[PDB]
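Going down the list, the protein sequences come from chains BO and BN. Position one of the first sequence corresponds to residue 172 (the authors' numbering), numbered consecutively onward. Position one of the second sequence corresponds to residue 229 (the authors' numbering), numbered consecutively onward. The beta-carbon is built from N, C-alpha and C at its ideal position, and this holds for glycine as well. Inspection log for the structure reproduced underneath, given as structure tokens.
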Amino acid sequence: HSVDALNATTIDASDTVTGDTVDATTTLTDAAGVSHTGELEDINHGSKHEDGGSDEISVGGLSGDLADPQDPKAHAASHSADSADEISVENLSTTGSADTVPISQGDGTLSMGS
Amino acid sequence: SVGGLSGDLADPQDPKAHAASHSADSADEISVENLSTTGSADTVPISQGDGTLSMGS
Ligand SMILES: [Zn+2]
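Structure (structure tokens):
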């Protein structure tokens, strides 16, 4: 059967319902059975999630290490002689000439004495 | 891209260069009396020149 304009209440087909434009006001129910009532995800959308864009995501609790190095906490307090992360003074730098020694000036401050 | 996103990762991250943030004046702090040495009792850090410290007596 062939028409111009089919005006109906309900339409139901046992094979393809093709159209070079499909228009779903009010509801869409997919092949699994989820009944959408708003706009849908285009492929390659991910840019939207990035800083300040619409539908931004939290990184809180996500896993793995980044290819790029990151600003850490202020974390000097994480190092000590007792910890698995270890640094020793014989590894450390100084501007002082040969036979110079680190000595305290008071006022929290170290210096190269002799 | 993760650039400009917010939150704390469950796995720790390889840090940016940050030695300056361990200064006497910075917003976090470490002191020499906290630090290790392999040197025996009464050994003292002494400079050999060439930027480098050593455990002498
Ligand atoms: Zn660090």
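Notebook entry, point to check: Roughly how many angstroms lie between the CA atoms of BN:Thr265 and BO:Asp242, to the nearest whole one?
Noted result: In the second sequence, residue 265 of chain BN corresponds to position 37, counting from 1. In the first sequence, residue 242 of chain BO corresponds to position 71, counting from 1. Going by the C-alpha atoms only, they are around 28 Å apart.
Check: How is BN:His250 classed by DSSP in three states: helix, strand or coil?
Finding: To locate residue 250 of chain BN, count along the second sequence from 1; it is residue 22. Correct three-state label for BN:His250: helix.
Next item on the list: Going by CA-CA distance only, name the one from BN:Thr280, BN:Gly284, BN:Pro240 that's closest to BO:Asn262.
Entry: Position 91 of the first sequence holds residue 262 of chain BO. Nearest of BN:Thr280, BN:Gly284, BN:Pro240 to BO:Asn262, Cα basis: BN:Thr280.
Note to self: Please list the terminal residues of the continuous beta strand (DSSP E) segment that includes BO:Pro273.
What the structure shows: Indexing the first sequence from 1 puts residue 273 of chain BO at position 102. Note, BO:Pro273: beta strand (DSSP E), 272 to 277.
Check: Using a Cβ-Cβ distance under 8 Å, would BO:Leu199 count as near chain BN?
Finding: Numbered from its first residue, the first sequence carries residue 199 of chain BO at position 28. So, not an interface residue.
Next item on the list: Using the DSSP secondary-structure output, state which residues sit across from BN:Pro243 in a beta bridge.
Entry: Mapped onto the second sequence, residue 243 of chain BN falls at position 15. BO:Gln241.
Item checked: For BO:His216, three-class secondary structure by DSSP -> Your numbering for residue 216 of chain BO matches position 45 in the first sequence. If DSSP states are grouped into helix, strand and coil, BO:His216 belongs with coil.
Item checked: Enclosing beta strand (DSSP E) for BN:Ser282 [first to last residue] -> Mapped onto the second sequence, residue 282 of chain BN falls at position 54. Unbroken beta strand (DSSP E) run through BN:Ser282: 281 to 284.
Check: In the region 252 to 279 of chain BN, which residues sit with their C-beta less than 8 Å from some C-beta in chain BO, listed in chain order?
Finding: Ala252, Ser254, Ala255, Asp256, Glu257, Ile258, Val260, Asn262, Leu263, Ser264, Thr265, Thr266, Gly267, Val272, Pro273, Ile274, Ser275, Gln276, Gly277, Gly279
Next item on the list: Would you tell me roughly how many angstroms separate the C-alpha atoms of BO:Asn178 and BO:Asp191, rounded to the nearest one?
Entry: Translated into positions along the first sequence, residue 178 of chain BO becomes position 7. Translated into positions along the first sequence, residue 191 of chain BO becomes position 20. Answer to the nearest angstrom: the Cα atoms are 18 Å apart.
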